[PDB]
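Asker: Okay, handing you the structure first.
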Amino acid sequence: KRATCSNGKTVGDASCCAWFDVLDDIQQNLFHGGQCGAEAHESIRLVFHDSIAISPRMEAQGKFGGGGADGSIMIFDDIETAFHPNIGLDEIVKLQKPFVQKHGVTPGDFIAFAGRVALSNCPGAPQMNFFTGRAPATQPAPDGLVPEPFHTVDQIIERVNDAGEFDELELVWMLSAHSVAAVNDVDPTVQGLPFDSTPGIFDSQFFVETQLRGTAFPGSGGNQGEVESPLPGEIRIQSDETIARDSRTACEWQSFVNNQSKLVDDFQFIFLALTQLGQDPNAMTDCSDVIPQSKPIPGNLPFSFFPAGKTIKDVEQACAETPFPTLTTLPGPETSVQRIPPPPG
Ligand code: HEB
Ligand SMILES: [Ca+2]
Ligand SMILES: [Ca+2]
């Protein structure tokens, strides 16, 4: 059957027991009592920037293409966090390092762990998986491997296809993370502008809101990779805006609107896949029973809605197969999306 940890919990594999002490430590000292706040969002982002930096095409040509989910972004933070796509990630890397040192775990395992635990904090999240077995990187990733907000949809599709054999529909899946996300470094005048009106809730509001006609910048204009957004305080990036309207991806983008089961099943899958880049999944240990049970979305709303002051008339419909769903609109005046201030220091 199962192993029993010193704290009296039971697990599928005895090696998983050490992660309960990591869990308690980060929930209290990294995530401010298990919150879906700035440190959680940064930890989710960090998983992608560690993991996607792998390139089988470069290896085939005799060039080191990076080791994927290997902890390189932490081990070699002075190198990798100075790459422009990794802007702002040295803060979370620095917050995470003490825990890795204290608990004697691999940097790559800890990054995957912290991302899973972060998502567990966000109502609506899938039940996140956690596998161990990522040896420390011995070489930093090359630059040019992490997508930018100003890149073409073509080059982003190509990049994820190379990194993980991900198709263009799976690209849409992994962008679900922007449902619990804010932007600190794109607008030099303001930090913490969310991508959707519910950055604390893993829902499909990101997929709704990116489909709306953009009307204004939330702060300054003229920032590379930024386009007009539909709501005060919400930011929109060019890549997301284009993927939402591109004939290859627009139908998948819309499919998440008012479809919670598809959202969570697809994201659960793709997040695990990201955390196993550069690894042999058969060689890894399943420690998924350490991750907290995800919480349902509270309250009494339909799963997807238009934000207040928006209706079907504000949607730029892009899926030729299926009209955009006629959602309910939240009552009241158009409200400003509140910023998520990044960690002090
Ligand atoms: C994980 C998963 C994921 C994925 C896949 C992604 C994908 C992406 N993305 Fe992301 N992001 C994210 C998650 C993510 N993401 C998050 C979580 C965030 C937030 C952070 C904070 O809040 O801090 C972001 C954020 C972000 C930002 C902001 C930053 C700064 O400012 O610093 C940007 C620009 C981006 C982009 C992007 C792109 C281009 C792509 C393509 C693919 N993003
Ligand atoms: Ca890496
Ligand atoms: Ca959200």
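The chains in the structure tokens are called A, B, ... from first to last as shown; in each chain the residues are counted from 1, and the ligands are counted from 1 in the order shown.
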Find the residues around residue A:305 up to 8 Å (only C-alpha atoms counted), leave out those fewer than 2 positions away in its own chain, and share them as a list in words.

Answerer: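 Using only C-alpha atoms, the neighbours found are residues 205, 208, 258, 301, 302, 303, 307, 327, 328, 329 and 330 of chain A.
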
Asker: Extract, using only C-alpha atoms, all DNA, RNA and protein residues at most 9 Å from stretch 147-162 of chain A, discarding same-chain residues fewer than 2 positions from it, and format them as a list in words.

Answerer: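 Within the cut-off, the hits are residues 52, 54, 55, 56, 57, 84, 85, 144, 145, 164, 165, 166, 167, 168, 170, 171, 224, 225, 226, 237, 238, 239, 240, 242, 243 and 246 of chain A.
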
Asker: Excluding residue A:286 and any residue of its chain fewer than 5 positions from it, enumerate the residues within 7 Å of it, using only C-alpha atoms, and give them as a CSV table (one decimal) with C-alpha atoms, in the first residue's frame.

Answerer:
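The new file around_39.csv reads:
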chain,number,residue,atom,x,y,z
A,130,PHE,CA,4.0,17.1,-8.9
A,131,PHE,CA,6.7,14.7,-10.1
A,132,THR,CA,10.3,14.7,-8.8

Asker: Each residue of chain A with at least one atom at most 6 Å from ligand 3 should appear once, together with its nearest atom pair and the corresponding distance in Å (one decimal); atoms considered: only C-alpha atoms and all ligand atoms; ordering: chain, then increasing residue number; output as a Markdown table.

Answerer:
| residue | atom | partner | partner_atom_place_in_ligand_line | distance |
| --- | --- | --- | --- | --- |
| A:179 | CA | ligand 3 | 1 (Ca) | 3.7 |
| A:180 | CA | ligand 3 | 1 (Ca) | 5.1 |
| A:196 | CA | ligand 3 | 1 (Ca) | 5.5 |
| A:198 | CA | ligand 3 | 1 (Ca) | 3.8 |
| A:199 | CA | ligand 3 | 1 (Ca) | 4.5 |
| A:201 | CA | ligand 3 | 1 (Ca) | 4.4 |
| A:202 | CA | ligand 3 | 1 (Ca) | 4.8 |
| A:203 | CA | ligand 3 | 1 (Ca) | 4.8 |
| A:205 | CA | ligand 3 | 1 (Ca) | 5.3 |
| A:206 | CA | ligand 3 | 1 (Ca) | 5.9 |

Asker: Keeping only N, CA, C and O atoms, take the residues you just selected and write them out as a PDB file, in the first residue's frame.

Answerer:
ATOM      1  N   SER A 179      -4.826  33.659 -16.810  1.00  0.00           N
ATOM      2  CA  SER A 179      -5.966  33.885 -15.952  1.00  0.00           C
ATOM      3  C   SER A 179      -5.536  34.257 -14.520  1.00  0.00           C
ATOM      4  O   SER A 179      -6.396  34.732 -13.778  1.00  0.00           O
ATOM      5  N   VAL A 180      -4.281  33.985 -14.120  1.00  0.00           N
ATOM      6  CA  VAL A 180      -3.848  34.241 -12.752  1.00  0.00           C
ATOM      7  C   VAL A 180      -2.494  34.923 -12.820  1.00  0.00           C
ATOM      8  O   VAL A 180      -1.457  34.318 -12.517  1.00  0.00           O
ATOM      9  N   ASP A 196      -6.432  39.583 -16.762  1.00  0.00           N
ATOM     10  CA  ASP A 196      -7.874  39.469 -16.719  1.00  0.00           C
ATOM     11  C   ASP A 196      -8.395  40.137 -15.442  1.00  0.00           C
ATOM     12  O   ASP A 196      -7.615  40.555 -14.568  1.00  0.00           O
ATOM     13  N   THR A 198      -9.817  38.919 -12.983  1.00  0.00           N
ATOM     14  CA  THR A 198      -9.875  37.978 -11.864  1.00  0.00           C
ATOM     15  C   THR A 198      -8.527  37.292 -11.686  1.00  0.00           C
ATOM     16  O   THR A 198      -8.443  36.079 -11.795  1.00  0.00           O
ATOM     17  N   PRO A 199      -7.445  38.025 -11.424  1.00  0.00           N
ATOM     18  CA  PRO A 199      -6.096  37.426 -11.361  1.00  0.00           C
ATOM     19  C   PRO A 199      -5.913  36.479 -10.169  1.00  0.00           C
ATOM     20  O   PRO A 199      -4.936  35.719 -10.109  1.00  0.00           O
ATOM     21  N   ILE A 201      -8.331  34.164  -9.529  1.00  0.00           N
ATOM     22  CA  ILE A 201      -9.287  33.091  -9.818  1.00  0.00           C
ATOM     23  C   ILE A 201      -8.864  32.456 -11.129  1.00  0.00           C
ATOM     24  O   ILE A 201      -8.758  33.139 -12.160  1.00  0.00           O
ATOM     25  N   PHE A 202      -8.630  31.142 -11.079  1.00  0.00           N
ATOM     26  CA  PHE A 202      -8.354  30.353 -12.290  1.00  0.00           C
ATOM     27  C   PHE A 202      -9.676  30.094 -13.011  1.00  0.00           C
ATOM     28  O   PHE A 202     -10.402  29.133 -12.705  1.00  0.00           O
ATOM     29  N   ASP A 203      -9.989  30.981 -13.962  1.00  0.00           N
ATOM     30  CA  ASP A 203     -11.251  30.899 -14.727  1.00  0.00           C
ATOM     31  C   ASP A 203     -10.947  31.237 -16.188  1.00  0.00           C
ATOM     32  O   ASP A 203      -9.764  31.386 -16.597  1.00  0.00           O
ATOM     33  N   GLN A 205     -11.893  34.050 -17.687  1.00  0.00           N
ATOM     34  CA  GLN A 205     -12.111  35.472 -17.935  1.00  0.00           C
ATOM     35  C   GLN A 205     -11.021  35.997 -18.863  1.00  0.00           C
ATOM     36  O   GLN A 205     -11.283  36.857 -19.681  1.00  0.00           O
ATOM     37  N   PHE A 206      -9.806  35.429 -18.768  1.00  0.00           N
ATOM     38  CA  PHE A 206      -8.746  35.783 -19.696  1.00  0.00           C
ATOM     39  C   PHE A 206      -9.214  35.594 -21.162  1.00  0.00           C
ATOM     40  O   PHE A 206      -8.929  36.463 -22.027  1.00  0.00           O
TER      41      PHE A 206
END

Asker: Would you list, as a ChimeraX atom specification, the residues of stretch 200-231 of chain A that end up in alpha helix (DSSP H) under DSSP run on this structure's backbone?

Answerer: /A:205-209

Asker: Could you please write out, as a ChimeraX atom specification, every residue of stretch 28-192 of chain A that DSSP assigns to strand (DSSP E or B)?

Answerer: /A:54,67,131-132,182-183

Asker: Could you pull the residues within 9 Å of stretch 34-50 of chain A, counting only C-alpha atoms, minus those fewer than 2 positions along the same chain, as an MDAnalysis selection string?

Answerer: chainID A and resid 26:28 30:32 52:53 67:74 85:86 89 91:93 95:96 108 111:112 114:123 141 145:146 177 180:182 192 199:201 271 274:275 340:343

Asker: Measuring between only C-alpha atoms and all ligand atoms, which one of A:227, A:137, A:264, A:79 shows the shortest distance to ligand 2?

Answerer: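 Nearest to ligand 2: A:137.
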
Asker: Rank nothing, just name the residue among A:134, A:295, A:245, A:213 nearest to ligand 2, using only C-alpha atoms and all ligand atoms.

Answerer: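 Of A:134, A:295, A:245, A:213, the one nearest ligand 2, counting only C-alpha atoms and all ligand atoms, is A:134.
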
Asker: Within 6 Å of stretch 336-339 of chain A, counting only C-alpha atoms, which residues show up once you throw out same-chain ones fewer than 5 positions away? Write them as a VMD selection string, please.

Answerer: chain A and resid 192 to 193 197 232 to 234

Asker: Record the distance separating atom CA of residue A:176 and atom CA of residue A:229, expressed in Å with one decimal.

Answerer: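 The value is 17.6 Å.
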